[PDB]
file target.csv (CSV, C-alpha atoms and all ligand atoms)
chain,number,residue,atom,x,y,z
G,1,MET,CA,-12.2,53.1,-20.6
G,2,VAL,CA,-15.0,51.8,-23.0
G,3,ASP,CA,-16.2,49.1,-20.6
G,4,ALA,CA,-19.7,50.3,-19.6
G,5,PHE,CA,-20.6,50.6,-23.3
G,6,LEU,CA,-20.0,46.9,-23.8
G,7,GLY,CA,-22.9,44.4,-24.1
G,8,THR,CA,-26.1,43.9,-26.0
G,9,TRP,CA,-28.5,46.9,-26.3
G,10,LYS,CA,-32.1,47.2,-27.7
G,11,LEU,CA,-33.7,50.3,-29.2
G,12,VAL,CA,-36.5,51.7,-27.0
G,13,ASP,CA,-37.0,55.2,-28.3
G,14,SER,CA,-36.1,57.2,-31.4
G,15,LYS,CA,-36.5,60.9,-32.2
G,16,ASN,CA,-35.9,62.5,-35.6
G,17,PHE,CA,-34.4,59.4,-37.3
G,18,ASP,CA,-36.4,60.2,-40.4
G,19,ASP,CA,-34.9,63.7,-40.5
G,20,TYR,CA,-31.4,62.2,-40.2
G,21,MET,CA,-31.9,59.6,-42.9
G,22,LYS,CA,-33.5,62.1,-45.2
G,23,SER,CA,-30.5,64.4,-44.7
G,24,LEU,CA,-28.2,61.6,-45.8
G,25,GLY,CA,-30.3,61.0,-48.9
G,26,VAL,CA,-31.9,57.7,-47.9
G,27,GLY,CA,-34.9,56.9,-50.1
G,28,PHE,CA,-38.5,57.0,-48.8
G,29,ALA,CA,-39.1,53.3,-48.8
G,30,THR,CA,-36.0,52.6,-46.8
G,31,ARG,CA,-36.8,55.3,-44.3
G,32,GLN,CA,-40.3,53.9,-44.0
G,33,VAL,CA,-39.0,50.4,-43.0
G,34,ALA,CA,-36.2,51.8,-40.8
G,35,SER,CA,-38.7,53.9,-38.9
G,36,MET,CA,-40.4,50.7,-37.7
G,37,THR,CA,-37.3,48.6,-37.0
G,38,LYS,CA,-35.8,48.3,-33.5
G,39,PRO,CA,-32.2,47.2,-33.9
G,40,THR,CA,-30.0,45.4,-31.4
G,41,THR,CA,-26.6,46.9,-31.0
G,42,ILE,CA,-23.8,44.6,-29.7
G,43,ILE,CA,-20.5,46.2,-28.6
G,44,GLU,CA,-17.7,43.8,-27.7
G,45,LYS,CA,-13.9,44.2,-27.1
G,46,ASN,CA,-10.9,41.9,-27.5
G,47,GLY,CA,-7.9,43.8,-26.3
G,48,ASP,CA,-7.6,47.0,-28.2
G,49,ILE,CA,-10.2,45.9,-30.9
G,50,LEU,CA,-13.8,46.9,-30.6
G,51,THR,CA,-16.5,45.2,-32.6
G,52,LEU,CA,-19.9,46.9,-33.0
G,53,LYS,CA,-22.8,44.9,-34.5
G,54,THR,CA,-26.1,46.3,-35.5
G,55,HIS,CA,-28.8,43.7,-36.1
G,56,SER,CA,-32.4,44.0,-37.3
G,57,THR,CA,-35.0,42.6,-39.5
G,58,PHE,CA,-34.0,45.0,-42.3
G,59,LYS,CA,-30.3,45.7,-42.4
G,60,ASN,CA,-27.4,44.3,-40.4
G,61,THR,CA,-23.9,45.9,-40.1
G,62,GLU,CA,-20.7,45.1,-38.3
G,63,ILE,CA,-17.5,47.2,-37.9
G,64,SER,CA,-14.3,46.5,-36.0
G,65,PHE,CA,-11.8,49.2,-35.1
G,66,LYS,CA,-9.2,50.4,-32.7
G,67,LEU,CA,-10.0,53.6,-30.8
G,68,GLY,CA,-8.2,56.5,-32.4
G,69,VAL,CA,-7.3,54.7,-35.6
G,70,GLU,CA,-9.0,55.5,-38.9
G,71,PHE,CA,-10.9,52.6,-40.7
G,72,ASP,CA,-12.8,52.2,-43.9
G,73,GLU,CA,-16.6,51.6,-43.4
G,74,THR,CA,-19.5,50.9,-45.6
G,75,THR,CA,-22.6,52.1,-43.8
G,76,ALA,CA,-26.1,50.6,-43.7
G,77,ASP,CA,-27.2,53.1,-46.4
G,78,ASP,CA,-24.2,52.2,-48.6
G,79,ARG,CA,-22.0,55.2,-48.0
G,80,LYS,CA,-18.2,54.4,-48.3
G,81,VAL,CA,-16.7,56.5,-45.5
G,82,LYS,CA,-13.5,57.1,-43.6
G,83,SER,CA,-14.3,56.6,-39.9
G,84,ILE,CA,-12.7,57.1,-36.5
G,85,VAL,CA,-14.0,56.3,-33.1
G,86,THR,CA,-12.7,58.0,-30.0
G,87,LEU,CA,-13.6,58.5,-26.3
G,88,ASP,CA,-14.3,62.2,-25.6
G,89,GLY,CA,-15.7,63.3,-22.3
G,90,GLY,CA,-16.6,59.7,-21.5
G,91,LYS,CA,-18.7,59.5,-24.7
G,92,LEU,CA,-17.9,57.1,-27.6
G,93,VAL,CA,-17.7,59.5,-30.6
G,94,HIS,CA,-17.8,58.0,-34.1
G,95,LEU,CA,-17.0,60.5,-37.0
G,96,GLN,CA,-17.6,59.5,-40.6
G,97,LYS,CA,-16.2,61.5,-43.5
G,98,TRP,CA,-17.0,61.1,-47.2
G,99,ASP,CA,-17.1,63.4,-50.2
G,100,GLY,CA,-16.2,66.4,-47.9
G,101,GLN,CA,-19.3,65.6,-45.8
G,102,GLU,CA,-19.3,64.5,-42.2
G,103,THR,CA,-21.7,62.9,-39.7
G,104,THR,CA,-21.2,62.1,-36.0
G,105,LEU,CA,-22.6,59.3,-34.0
G,106,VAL,CA,-22.1,60.0,-30.3
G,107,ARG,CA,-22.9,57.5,-27.6
G,108,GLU,CA,-23.3,58.6,-24.0
G,109,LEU,CA,-24.5,56.6,-20.9
G,110,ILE,CA,-27.3,58.4,-18.9
G,111,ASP,CA,-28.9,56.6,-16.0
G,112,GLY,CA,-27.8,53.2,-17.4
G,113,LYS,CA,-29.3,53.8,-20.9
G,114,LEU,CA,-27.2,54.2,-24.1
G,115,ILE,CA,-28.1,57.5,-25.8
G,116,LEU,CA,-27.0,57.7,-29.5
G,117,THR,CA,-27.0,61.2,-31.0
G,118,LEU,CA,-26.8,61.3,-34.8
G,119,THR,CA,-25.9,64.6,-36.5
G,120,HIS,CA,-25.7,65.3,-40.2
G,121,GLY,CA,-26.3,68.7,-41.7
G,122,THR,CA,-28.8,70.4,-39.4
G,123,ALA,CA,-30.6,67.1,-38.5
G,124,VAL,CA,-30.1,65.8,-35.0
G,125,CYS,CA,-31.5,62.4,-34.0
G,126,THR,CA,-31.6,60.9,-30.6
G,127,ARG,CA,-32.0,57.2,-30.1
G,128,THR,CA,-32.1,55.4,-26.8
G,129,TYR,CA,-31.0,51.9,-26.1
G,130,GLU,CA,-31.5,49.7,-23.0
G,131,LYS,CA,-29.2,46.9,-21.9
G,132,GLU,CA,-30.1,43.3,-22.4
G,133,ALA,CA,-29.2,40.9,-19.6
G,201,LIG,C1,-31.6,50.8,-43.0
G,201,LIG,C2,-31.0,51.9,-42.2
G,201,LIG,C3,-30.8,53.0,-43.2
G,201,LIG,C4,-30.2,54.3,-42.6
G,201,LIG,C5,-28.8,54.2,-42.0
G,201,LIG,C6,-28.3,55.4,-41.4
G,201,LIG,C7,-26.9,55.3,-40.8
G,201,LIG,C8,-26.9,54.4,-39.6
G,201,LIG,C9,-27.9,54.7,-38.5
G,201,LIG,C10,-27.7,53.9,-37.2
G,201,LIG,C11,-28.7,54.0,-36.2
G,201,LIG,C12,-28.6,53.1,-35.0
G,201,LIG,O1,-27.6,52.4,-34.8
G,201,LIG,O2,-29.6,53.1,-34.1

call {"tool": "encode", "arguments": {"input": "target.csv", "output": "structure tokens"}}
result
Amino acid sequence: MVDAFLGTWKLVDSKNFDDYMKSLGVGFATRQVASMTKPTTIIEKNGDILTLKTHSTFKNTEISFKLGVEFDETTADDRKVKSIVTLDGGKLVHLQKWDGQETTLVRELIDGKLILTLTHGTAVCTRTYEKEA
């Protein structure tokens, strides 16, 4: 049951995103622009296929996947990763693997807001999105 995640979401708070980007090896100029962007995330379904768009003034991304089925992904910072997205405890958990590394992108609904927790290494970033009508 992915349905309450679906829709258009706007970033309204971000904590420790620079730490997360730095842990991934993102260069300073890119972190600097990304620290001031507020993306829009769009999550849509068609049958078993989810599509997750991230739009901004800086980078855009789009992925499509089936829950529980691995897919190739090229991230906004140009990592080529092996990904899987699954529901776990009602949370949408996206795991990326590359070069023996991993990062998790966990989305949880709290009081109607979409909380995205990004973990790589020891860095833990929390970014809050609010629904657009
Ligand atoms: C230009 C962005 C560079 C850093 C990308 C890091 C990996 C994706 C982070 C996604 C964050 C979000 O969806 O709010």

call {"tool": "residues_around", "arguments": {"input": "target.csv", "residues": "residue G:23", "least_positions_apart": "3", "cutoff": "9 Å", "atoms": "all atoms listed in the file", "output": "PyMOL selection string"}}
result
chain G and resi 18-20+26+120-123

call {"tool": "closest_residue", "arguments": {"input": "target.csv", "among": "G:80, G:33, G:42, G:3", "to": "residue G:57", "atoms": "all atoms listed in the file"}}
result
G:33

call {"tool": "residues_near_ligand", "arguments": {"input": "target.csv", "ligand": "ligand LIG 201 (chain G)", "cutoff": "8 Å", "atoms": "only C-alpha atoms and all ligand atoms", "output": "PyMOL selection string"}}
result
chain G and resi 11+17+20-21+24+26+30-31+33-34+38-39+41+54+58-59+75-77+116+118+127

call {"tool": "atom_distance", "arguments": {"input": "target.csv", "atom1": "atom CA of residue G:128", "atom2": "atom CA of residue G:29"}}
result
23.2 Å

call {"tool": "closest_residue", "arguments": {"input": "target.csv", "among": "G:125, G:2, G:36, G:110", "to": "residue G:93", "atoms": "all atoms listed in the file"}}
result
G:2

call {"tool": "closest_residue", "arguments": {"input": "target.csv", "among": "G:43, G:4, G:10, G:84", "to": "residue G:56", "atoms": "all atoms listed in the file"}}
result
G:10

call {"tool": "atom_distance", "arguments": {"input": "target.csv", "atom1": "atom CA of residue G:106", "atom2": "atom CA of residue G:91"}}
result
6.6 Å

call {"tool": "residues_around", "arguments": {"input": "target.csv", "residues": "residue G:98", "least_positions_apart": "2", "cutoff": "6 Å", "atoms": "only C-alpha atoms", "output": "list in words"}}
result
residues 81, 100 and 101 of chain G

call {"tool": "closest_residue", "arguments": {"input": "target.csv", "among": "G:67, G:6, G:105, G:12", "to": "residue G:130", "atoms": "only C-alpha atoms"}}
result
G:12

call {"tool": "closest_residue", "arguments": {"input": "target.csv", "among": "G:82, G:50, G:66, G:87", "to": "residue G:102", "atoms": "all atoms listed in the file"}}
result
G:82

call {"tool": "atom_distance", "arguments": {"input": "target.csv", "atom1": "atom CA of residue G:65", "atom2": "atom CA of residue G:131"}}
result
22.0 Å

call {"tool": "residues_around", "arguments": {"input": "target.csv", "residues": "residue G:85", "least_positions_apart": "2", "cutoff": "7 Å", "atoms": "all atoms listed in the file", "output": "list in words"}}
result
residues 67, 68, 83, 92, 93, 94 and 95 of chain G

call {"tool": "closest_residue", "arguments": {"input": "target.csv", "among": "G:74, G:86, G:69, G:27", "to": "residue G:104", "atoms": "all atoms listed in the file"}}
result
G:86
